[PDB]
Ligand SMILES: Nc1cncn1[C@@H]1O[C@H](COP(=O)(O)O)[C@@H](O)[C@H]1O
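Only one chain is given next, in structure tokens, and it is the form solved without ligand AIR.
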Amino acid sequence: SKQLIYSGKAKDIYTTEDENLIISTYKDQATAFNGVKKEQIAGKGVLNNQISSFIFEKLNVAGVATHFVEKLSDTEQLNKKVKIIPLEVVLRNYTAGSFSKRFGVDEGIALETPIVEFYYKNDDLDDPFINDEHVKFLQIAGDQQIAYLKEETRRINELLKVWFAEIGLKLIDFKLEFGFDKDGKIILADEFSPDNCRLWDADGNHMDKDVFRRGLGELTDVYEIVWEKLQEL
């Protein structure tokens, strides 16, 4: 029992007795594109929290610095408390969704090398897509910081892409958040579940949140499958 700091779409965050520490609670809320249509859909909290806890651990083993300490419940994990960088970092392996729209090209077209993209994590501004100069203007980060957020998201793509391959899923794109820890460094934060990445079945089947949005089945089913496959590592 401790205090609720922030209340999200997918996560409520609580405090502890350790200033630098935070317990994350994954909710059953699901919400669609920016025009937040809201459905609450059972089991989702637990799968997300499992999957995220797993990958994050795997990353930590692979020496990626992150906010993960331990999965504490079905519903909760304990995380290092960081100061969030309002900058969603998207790395794309394949064309899909908003890249596809922006460039009027289909989804499924491979890229090589992969493209990263910043978005201003500002719900009020509808999390707009931005360029490096916009980030500097916003004073989120200068140079050296921008080049770090890239250089490590790529390293993160390289680990993750391999891992999902091995379980027969192609990492189409994902989305990080990073923040500063009590010691000032930058650190992979938030969560890595099917909610913030795209996953393609070797037959084009969507093993991700595009099931809720496009509406091609029930969510917990594909998530369940991904969770099942991950323990193959």
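Under this definition, the rigid core comprises the largest set of C-alpha atoms superposing within 1.5 Å between the forms. Each residue number is its position in the shown sequence, starting from 1. Shifts are known only where both forms have a C-alpha.
82-90 and 141-149 differ in mean CA B-factor, and the higher of the two is recorded for 141-149. The stretch 213-221 shows the higher mean C-alpha B-factor when 213-221 is compared against 20-28 in the entry. Each of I55, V36, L188, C197 has a CA temperature factor in the record; the biggest one is found at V36. Highest CA B-factor among the listed residues (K175, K170, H67, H206): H206.
Per the deposited record, the Cα B-factor of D124 falls in the highest third when ranked against the other modelled residues of its chain. When the CA B factors of the chain's modelled residues are split into thirds, the value for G184 lands in the highest one. Split the chain's modelled residues into thirds by C-alpha temperature factor. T113 is in the highest one.
When the modelled residues of the chain are ordered by C-alpha B-factor, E158 sits in the middle third.
Per-chain ranking of the deposited C-alpha B factor places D132 in the lowest third.
Omitted from view is the form solved in complex with ligand AIR, to which the following refers.
In summary, among the residues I156, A96, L149, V135, the only one with a non-hydrogen atom within 4.5 Å of ligand AIR in the deposited bound form is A96. When ligand AIR is considered in the deposited bound form, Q50 lies well away from it, no heavy atom lying within 4.5 Å. In the deposited bound form, at least one heavy atom of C197 sits within 4.5 Å of a heavy atom of ligand AIR. A residue is said to contact a partner when one of its heavy atoms sits within 4.5 Å of a partner heavy atom; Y119 meets this definition for ligand AIR in the deposited bound form.
The shortest heavy atom separation between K175 and ligand AIR in the deposited bound form is within 4.5 Å. Residue heavy atoms within 4.5 Å of ligand AIR in the deposited bound form occur in exactly one stretch of 156-164, 108-116, 86-94, 139-147, and that stretch is 86-94. Considering only residues present in both forms and aligning them on the rigid core, one finds just one run of three or more residues with C-alpha shifts of 2 angstroms or more between this form and the one not shown, namely 34-36.
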